[PDB]
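Quick setup: one chain, the form deposited in one PDB entry, written in C-alpha cells, and binding and motion questions come after.
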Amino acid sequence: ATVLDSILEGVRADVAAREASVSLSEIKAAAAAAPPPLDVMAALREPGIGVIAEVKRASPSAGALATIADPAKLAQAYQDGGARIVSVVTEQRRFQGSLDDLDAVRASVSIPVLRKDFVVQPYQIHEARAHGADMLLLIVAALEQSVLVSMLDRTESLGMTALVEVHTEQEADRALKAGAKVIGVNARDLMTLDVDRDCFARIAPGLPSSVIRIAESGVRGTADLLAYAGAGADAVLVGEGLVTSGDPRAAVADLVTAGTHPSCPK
C-alpha cells in the first residue's frame, strides 16, 4: 500500500542483515565506547533561525539545484556556511543512503550530526550513537505510541536529542504526549518529494513555546525561510530543492544571514 510500508519493510530487512553481523550486544558496547554526543540543544538555542543542512544521494547534475556529491565535502561546505547541524540520510531504499555516509560525514565535521532514517527498533538507536550521531529522527507515523515513547527514552538515555517528526495535528498531539522536546513537521510526499504548503502553518500554532519547532520540508532559500519563520519555525532543515547553484556553502551562508537578522519575522 503506502510508500512508508515499503520503506519500513526495507528497514526491517536491512537492520536484520546488519544485526546478523554486529549483534545487539556488540552495538550497545560500540555505542558506549563512542566519543560523547555533541550538544544539540545548545546548537538549537543559538539566537536566530538555525539551519540543519542535509546530505542525501540524489541531486541534479547541473543547474540551480546542483551541489556537491561527496558526503564529506558537502557536509564541510555546510559547516563552513554556518549550518548548526548536518543531517545525513542513511535510509537505503527510497533515498539510497548508507551508514557509510554517516561515517563519512561524522569524520568531516565538528558540529552536531543528525541521522535521518526510519527508526523502528532499538538496535538502530545504539547504532546511530556508535557511528557518532548526536541527533536522531523518530517518526510518529512509523511507530505505535508505546514504542515511540520507548524509542524516545532510549535516544535520550544515550545522550542524544530526538527530532520527532509529525505529519498531522494528531501526530503532533502524540509527539507532545510522548515527551518530545523537538518536533519537526514534514509535509513532503514520499513519492513526489513535493511539499504541502499548508501543513507547517497549520500544525505549528499547536506546538507550545517549550518545544523547538522545526520545518523539516519546504525551505529552499531565504524567501521560504522568512515565510516559515513567520509561521513559527525555530529551525529549518534544508537540502531537497535548495537553490545552491553549485555552491552549497554560499546557499547556507545566505540562509544564516537571513535567519540571524534582528528583523527576521517570528
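C-alpha atoms forming the largest set that superposes within 1.5 Å between two forms make up the rigid core. Numbers follow the displayed sequence, beginning with 1.
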(Q) As a check of understanding, is residue 59 unmodelled in at least a third of the other compared entries that model its flanking residues? (A) yes
Q) Looking only at CA atoms, which has the higher mean B factor in the entry: 191-199 or 84-92? A) 191-199
Q: Using the B-factors recorded in the PDB entry, average over the C-alpha atoms of 136-144 and of 175-183, then report which stretch comes out higher.
A: 175-183
Q) Quick one: which of 239, 50, 35, 221 has the biggest Cα B-factor according to the entry? A) 35
Q.
Highest recorded C-alpha temperature factor, please, choosing from 11, 252, 243, 258.
A. 258
Q: Sort the modelled residues of this chain by their C-alpha B factor and say whether residue 56 lands in the lowest, middle or highest third.
A: middle
Q: Can you work out whether the C-alpha temperature factor of residue 153 puts it in the lowest, middle or highest third of the chain?
A: middle
Q | residue 100 - Cα temperature factor, lowest/middle/highest third of chain | A | middle
Q | residue 211 CA temperature factor, ranked by third within the chain | A | highest
Q. Based on the entry's values, in what third of the chain does the Cα temperature factor of residue 204 lie: lowest, middle or highest?
A. highest
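Below: the form deposited in another entry, not depicted.
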Q.
Taking 2 Å as the cut-off, check whether the CA of residue 15 shifts that much or more between the shown form and the other one after a rigid core fit.
A. no
Q. Once everything's superposed on the core, is residue 190 shifted 2 Å or more at the Cα between the shown form and the other one?
A. yes
Q) So with the core overlaid, does the Cα of residue 60 end up 2 Å or more away between the shown form and the other one? A) yes
Q. If the CA atoms of residue 192 and residue 53 move by 3 Å or more in that other deposited form, do they move toward each other or away, so closer or farther than here?
A. farther
**Q.** Direction of Cα pair change residue 191-residue 141 in that other deposited form, magnitude 3 angstroms or more
**A.** closer
